[PDB]
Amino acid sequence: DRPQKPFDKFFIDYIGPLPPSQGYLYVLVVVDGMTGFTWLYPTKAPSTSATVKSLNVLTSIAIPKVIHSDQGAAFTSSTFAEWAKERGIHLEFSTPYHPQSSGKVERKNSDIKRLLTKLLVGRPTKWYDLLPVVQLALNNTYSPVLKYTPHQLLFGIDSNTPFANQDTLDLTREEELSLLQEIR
């Protein structure tokens, strides 16, 4: 059996509702399985329509052989199935209540939630603007398991934005005080 490659499998999921930011409430998260490269798209709803619109952007840059998701409604609709079939993309579902991706992906998604939350606090309404920098951060983050960043694995070169401050990702005492108050 053949080695794993970029575009073999895209893992997708929604994060949200978030506080509204420039009109948007969710983030569709796509992570390439082989490289761990992440793309993020702001949406107004977790709908098939919003997924299709967002994936139409990504799939005008690169098309995965397989999309993996949970059984969210947006992903199990017959429209989303028609969309995928039109593009020769096989759809793949984890069993309900048992969400399974891969070690690398799981960790990546975990990084994503924690990084989001860290930058939310103080400015829970300004995340739309930060999505680019988040992505750069994530995609230039060193992989303990592989010797390389997603950027390096995707393009086979160093990046011009190395993120040498592999960072806290943890909330300071002041920031928990901000987030235990915002949630009041």
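Start at 1 and count along the sequence shown; that's the residue number. Heads up, when I say rigid core I mean the largest set of C-alphas that superpose within 1.5 Å between the two forms.
**Student:** After a rigid core fit, does 117-125 or 134-142 show more C-alpha displacement in 8 other deposited structures of this protein?
**Tutor:** Between the two stretches, 117-125 moves farther in 8 other deposited structures of this protein.
**Student:** Quick one: say whether 117-125 or 41-49 has the higher mean Cα B-factor in the deposited entry.
**Tutor:** On average, C-alpha B-factors are higher across 117-125.
**Student:** Could you settle it for me: does 148-156 or 135-143 have the higher average Cα B factor in the PDB entry?
**Tutor:** Looking at the record's C-alpha B-factors, the answer is 135-143.
**Student:** C-alpha B factor of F93, ranked within the chain: lowest, middle or highest third?
**Tutor:** Middle third of the chain for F93's C-alpha B-factor.
**Student:** Among the modelled residues of this chain, does the Cα B factor of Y14 put it in the lowest, middle or highest third?
**Tutor:** Answer is middle: the recorded C-alpha B-factor places it there.
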